[PDB]
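Colleague: I have a structure here, written as structure tokens, and I will follow up with some questions on it.
What follows is calculated from the coordinates using simple rules that are stated; it is not laboratory data. For neighbour counting, all protein chains shown are included, and Cβ atoms are generated from backbone atoms with ideal geometry for every residue, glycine included.
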């Protein structure tokens, strides 16, 4: 029930473009649960970003990322993919991959796991 | 320990009906014991009904109540319910909301604290 | 989400009775060296608490206060509520 979720990649990109977030599990979990991301603006508290299951059936997007950020898992690669569009200010922060554990979502409240993140910077 | 119990609910159920009780707790206790109901069948000995763990990790059921009883604690007002599905016509008893003041129930006979009797008849 | 409250899970060493630990260094979890940089075989011992009123009671926050008395001699500090006799067999309760 301890995962060393491995994350890699990053770089510097320009505003108004698009990118992707990386979150891969390299440890032994507690079950086949949900995957997501959390962000923290400088001087602000950590903010929930997106939620998606192991089979991309349910698609919970944040309103700040709706219509632009399209999360989706993989046919076989076992990796959800938050593909961005038309980047705004709130989406540029230090991201941490989220991981919940549930099938039928009574509430999106219980978290179970955390992992490393990817250094994505969006500036001219 | 000195624990006060706040049980309410009941009514006049029917053959195949159901109940949705409540039992709030208030008062200092030696330990966080389990709430629940010791119902004696009318004229019978006090019998365990269904006990929930205070941490909501252990659920209990009995043959006389299986399939037609369930106990659940309110997360907001801390009033543990007794909500069931298709309770039979023989449960014309007075239900005491007893209180085992122990973290684990080795045996149900020693019931440190107790509750008030809920008298509900079952007839249309 | 009250993430201000935090707990520790990936701590290598146990704590003695009434021992405080405040170090937040990245915990080195295994074989591959990290040189103080989180990654393979390395976790952050501190984890924020997911604390919302919408939660399970077991997952719900609980405020715990622990008091450790010393029922022994020397002047105490707390003793709810006299006049000393000086030659007669009389029960005494001098500071405890």
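Colleague: Mind listing whichever residues of region A:3-57 are farther than 26 Å from residue C:42 by Cβ and surrounded by fewer than 13 Cβ atoms within 10 Å (Cβ to Cβ)?
Modeller: The answer is A:14, A:15, A:16, A:17, A:43, A:44, A:55, A:57.
Colleague: Kindly provide the set of residues from region A:4-28 that are within 14 Å of chain C (Cβ to nearest Cβ) and over 9 Å from the mean Cα position of the chain (by Cα), ordered by number.
Modeller: A:4, A:5, A:6, A:7, A:8, A:9, A:10, A:24, A:25, A:26, A:27, A:28
Colleague: Quick test for you: out of C:25, C:70, pick the one residue that is more than 11 Å from every other protein chain (Cβ to nearest Cβ), closer than 19 Å to residue A:4 by Cα and in a loop (DSSP other than H, G, I, E, B).
Modeller: C:25
Colleague: Further, regarding this structure: State whether one or more residues within region B:59-66 are within 14 Å of chain C (Cβ to nearest Cβ), loosely packed, with under 13 Cβ neighbours inside 10 Å, within 22 Å of residue B:106 (Cα to Cα) and in contact with a strand residue (DSSP E or B) (Cβ under 7 Å, 6 or more places away or on another chain).
Modeller: yes
Colleague: Go through region B:90-124 residue by residue and tally those that are buried (at least 19 other Cβ atoms within 10 Å of the Cβ) and either over 21 Å from residue B:13 (Cα atoms) or under 13 Å from the mean Cα position of the chain (by Cα) (or both).
Modeller: Adding up the residues that qualify gives 11.
Colleague: In addition: Can you tell me which residues in region A:104-118 are within 17 Å of residue C:38 (Cα to Cα) and within 12 Å of chain C (Cβ to nearest Cβ)?
Modeller: If the condition is that a residue be within 17 Å of residue C:38 (Cα to Cα) and within 12 Å of chain C (Cβ to nearest Cβ), then A:113, A:114, A:115, A:116, A:117 are the ones that fit.
Colleague: Can you name every residue in region A:1-43 that is assigned to a strand (DSSP E or B) and within 21 Å of residue A:69 (Cα to Cα)?
Modeller: A:10, A:11, A:12, A:13, A:24, A:35, A:36, A:37, A:38, A:39, A:40
Colleague: Given the condition away from every other protein chain (no Cβ under 14 Å) and over 30 Å from residue B:56 (Cβ atoms), answer yes or no: does some residue in region C:35-58 qualify?
Modeller: Among the residues of region C:35-58, at least one is away from every other protein chain (no Cβ under 14 Å) and over 30 Å from residue B:56 (Cβ atoms), which makes the answer yes.
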